[PDB]
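Just below is one structure, and these are the notes that go with it.
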Amino acid sequence: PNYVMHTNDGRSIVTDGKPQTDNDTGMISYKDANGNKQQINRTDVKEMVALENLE
């Protein structure tokens with residue numbers, strides 16, 4: 001259930017698992033390619049493209 005988030009500042013961020021709204025901040029919480037939690041404003045996320053599970 002990985003994704004490639006296309007930001008509005010010209011970035012393509014790969015995620016580990018499906019991101020989701022942070023219960024505390026309202027920001028979008030996601031796990032980077034290193035398994036580290038990160039937060040990005042939904043406003044800066046244009047779209048999320050699903051990556052096929054290749055195992």
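Ordering of the structure tokens sets the chain letters (A, B, ...); residue numbers start at 1 within each chain; ligands are numbered from 1 in the order shown.
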
So which residues touch stretch 16-27 of chain A within 6 Å, counting only C-alpha atoms, skipping near sequence neighbours fewer than 4 positions away, as a PDB file with N, CA and C atoms, in the first residue's frame?
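What ended up in result_22.pdb:
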```pdb
ATOM      1  N   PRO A   1       0.850  -1.212   0.000  1.00  0.00           N
ATOM      2  CA  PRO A   1       0.000   0.000   0.000  1.00  0.00           C
ATOM      3  C   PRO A   1       0.876   1.249   0.000  1.00  0.00           C
ATOM      4  N   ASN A   2       1.995   1.181  -0.717  1.00  0.00           N
ATOM      5  CA  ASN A   2       2.915   2.305  -0.796  1.00  0.00           C
ATOM      6  C   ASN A   2       2.438   3.321  -1.824  1.00  0.00           C
ATOM      7  N   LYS A  31       5.297   7.720   6.515  1.00  0.00           N
ATOM      8  CA  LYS A  31       6.569   7.076   6.841  1.00  0.00           C
ATOM      9  C   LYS A  31       7.462   7.144   5.603  1.00  0.00           C
ATOM     10  N   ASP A  32       8.654   7.720   5.747  1.00  0.00           N
ATOM     11  CA  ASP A  32       9.576   7.839   4.619  1.00  0.00           C
ATOM     12  C   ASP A  32      10.241   6.518   4.262  1.00  0.00           C
ATOM     13  N   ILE A  40       3.516  16.430   6.639  1.00  0.00           N
ATOM     14  CA  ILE A  40       3.457  17.401   5.561  1.00  0.00           C
ATOM     15  C   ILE A  40       2.031  17.939   5.488  1.00  0.00           C
ATOM     16  N   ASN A  41       1.905  19.224   5.181  1.00  0.00           N
ATOM     17  CA  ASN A  41       0.596  19.870   5.085  1.00  0.00           C
ATOM     18  C   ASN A  41      -0.169  19.311   3.888  1.00  0.00           C
TER      19      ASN A  41
END
```

Problem - Spatial neighbours of residue A:11, max dist 10 Å, only C-alpha atoms, sep filter under 4 positions, as a list in words - result: residues 4, 5, 6, 7, 44 and 45 of chain A

Practice task
Check the smallest atom-to-atom distance from each of A:3, A:15, A:50, A:8 to residue A:35 using only C-alpha atoms, then report the winner.
Solution key: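 Looking at the shortest contact to residue A:35, the residue is A:15.
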
Practice task
May I ask which of the residues A:14, A:9, A:51, A:46 is the closest one to residue A:34, counting only C-alpha atoms?
Solution key: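 For residue A:34, the nearest of the candidates is A:14.
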
Exercise for the section: Run DSSP on the backbone of this structure and report the residues of chain A it assigns to strand (DSSP E), as a list in words. Expected result: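 Reading the DSSP output for chain A, strand (DSSP E) covers residues 3, 4, 5, 6, 7, 12, 13, 14, 20, 21, 28, 29, 30, 31, 37, 38, 39, 40, 45, 46, 47, 48, 49 and 50 of chain A.
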
Include N, CA and C atoms and write out the residues we just selected as a PDB file, in the first residue's frame.
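Dumped to result_2.pdb:
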```pdb
ATOM      1  N   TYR A   3       2.908   4.555  -1.683  1.00  0.00           N
ATOM      2  CA  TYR A   3       2.506   5.628  -2.580  1.00  0.00           C
ATOM      3  C   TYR A   3       3.651   6.564  -2.912  1.00  0.00           C
ATOM      4  N   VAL A   4       3.444   7.344  -3.962  1.00  0.00           N
ATOM      5  CA  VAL A   4       4.393   8.361  -4.368  1.00  0.00           C
ATOM      6  C   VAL A   4       3.555   9.630  -4.304  1.00  0.00           C
ATOM      7  N   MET A   5       3.852  10.483  -3.330  1.00  0.00           N
ATOM      8  CA  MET A   5       3.115  11.726  -3.176  1.00  0.00           C
ATOM      9  C   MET A   5       3.725  12.798  -4.071  1.00  0.00           C
ATOM     10  N   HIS A   6       2.886  13.462  -4.858  1.00  0.00           N
ATOM     11  CA  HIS A   6       3.341  14.534  -5.727  1.00  0.00           C
ATOM     12  C   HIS A   6       3.002  15.827  -4.991  1.00  0.00           C
ATOM     13  N   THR A   7       4.023  16.563  -4.564  1.00  0.00           N
ATOM     14  CA  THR A   7       3.800  17.807  -3.835  1.00  0.00           C
ATOM     15  C   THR A   7       3.589  18.977  -4.784  1.00  0.00           C
ATOM     16  N   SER A  12       8.523  14.414  -5.379  1.00  0.00           N
ATOM     17  CA  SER A  12       7.896  13.101  -5.454  1.00  0.00           C
ATOM     18  C   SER A  12       8.417  12.344  -4.245  1.00  0.00           C
ATOM     19  N   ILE A  13       7.555  12.164  -3.252  1.00  0.00           N
ATOM     20  CA  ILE A  13       7.942  11.480  -2.025  1.00  0.00           C
ATOM     21  C   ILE A  13       7.347  10.078  -1.921  1.00  0.00           C
ATOM     22  N   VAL A  14       8.223   9.082  -1.822  1.00  0.00           N
ATOM     23  CA  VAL A  14       7.797   7.690  -1.699  1.00  0.00           C
ATOM     24  C   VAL A  14       7.431   7.438  -0.241  1.00  0.00           C
ATOM     25  N   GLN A  20      -1.729   9.160   6.532  1.00  0.00           N
ATOM     26  CA  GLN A  20      -3.013   9.537   7.097  1.00  0.00           C
ATOM     27  C   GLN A  20      -2.923  10.811   7.910  1.00  0.00           C
ATOM     28  N   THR A  21      -4.069  11.444   8.107  1.00  0.00           N
ATOM     29  CA  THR A  21      -4.131  12.678   8.858  1.00  0.00           C
ATOM     30  C   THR A  21      -3.703  12.449  10.296  1.00  0.00           C
ATOM     31  N   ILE A  28      -0.639  15.822   7.339  1.00  0.00           N
ATOM     32  CA  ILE A  28      -0.624  14.480   6.788  1.00  0.00           C
ATOM     33  C   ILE A  28       0.615  13.802   7.342  1.00  0.00           C
ATOM     34  N   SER A  29       0.410  12.679   8.019  1.00  0.00           N
ATOM     35  CA  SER A  29       1.510  11.920   8.595  1.00  0.00           C
ATOM     36  C   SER A  29       1.858  10.773   7.657  1.00  0.00           C
ATOM     37  N   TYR A  30       3.151  10.534   7.460  1.00  0.00           N
ATOM     38  CA  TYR A  30       3.595   9.447   6.594  1.00  0.00           C
ATOM     39  C   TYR A  30       4.940   8.891   7.042  1.00  0.00           C
ATOM     40  N   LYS A  31       5.297   7.720   6.515  1.00  0.00           N
ATOM     41  CA  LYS A  31       6.569   7.076   6.841  1.00  0.00           C
ATOM     42  C   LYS A  31       7.462   7.144   5.603  1.00  0.00           C
ATOM     43  N   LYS A  37       8.799   8.566  10.698  1.00  0.00           N
ATOM     44  CA  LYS A  37       7.563   9.332  10.623  1.00  0.00           C
ATOM     45  C   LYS A  37       7.858  10.776  10.225  1.00  0.00           C
ATOM     46  N   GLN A  38       7.011  11.329   9.363  1.00  0.00           N
ATOM     47  CA  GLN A  38       7.156  12.707   8.905  1.00  0.00           C
ATOM     48  C   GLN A  38       5.767  13.315   8.785  1.00  0.00           C
ATOM     49  N   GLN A  39       5.697  14.644   8.766  1.00  0.00           N
ATOM     50  CA  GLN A  39       4.418  15.326   8.592  1.00  0.00           C
ATOM     51  C   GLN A  39       4.524  16.390   7.502  1.00  0.00           C
ATOM     52  N   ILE A  40       3.516  16.430   6.639  1.00  0.00           N
ATOM     53  CA  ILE A  40       3.457  17.401   5.561  1.00  0.00           C
ATOM     54  C   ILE A  40       2.031  17.939   5.488  1.00  0.00           C
ATOM     55  N   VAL A  45       0.160  18.705  -0.848  1.00  0.00           N
ATOM     56  CA  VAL A  45       0.069  17.409  -1.515  1.00  0.00           C
ATOM     57  C   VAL A  45      -0.987  17.438  -2.616  1.00  0.00           C
ATOM     58  N   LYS A  46      -0.541  17.469  -3.866  1.00  0.00           N
ATOM     59  CA  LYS A  46      -1.473  17.501  -4.983  1.00  0.00           C
ATOM     60  C   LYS A  46      -2.160  16.159  -5.184  1.00  0.00           C
ATOM     61  N   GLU A  47      -1.388  15.082  -5.128  1.00  0.00           N
ATOM     62  CA  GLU A  47      -1.943  13.749  -5.318  1.00  0.00           C
ATOM     63  C   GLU A  47      -1.039  12.648  -4.781  1.00  0.00           C
ATOM     64  N   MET A  48      -1.589  11.444  -4.718  1.00  0.00           N
ATOM     65  CA  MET A  48      -0.848  10.288  -4.256  1.00  0.00           C
ATOM     66  C   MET A  48      -1.110   9.166  -5.249  1.00  0.00           C
ATOM     67  N   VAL A  49      -0.046   8.677  -5.877  1.00  0.00           N
ATOM     68  CA  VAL A  49      -0.160   7.601  -6.852  1.00  0.00           C
ATOM     69  C   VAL A  49       0.163   6.265  -6.192  1.00  0.00           C
ATOM     70  N   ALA A  50      -0.729   5.296  -6.352  1.00  0.00           N
ATOM     71  CA  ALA A  50      -0.530   3.979  -5.759  1.00  0.00           C
ATOM     72  C   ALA A  50       0.589   3.197  -6.440  1.00  0.00           C
TER      73      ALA A  50
END
```
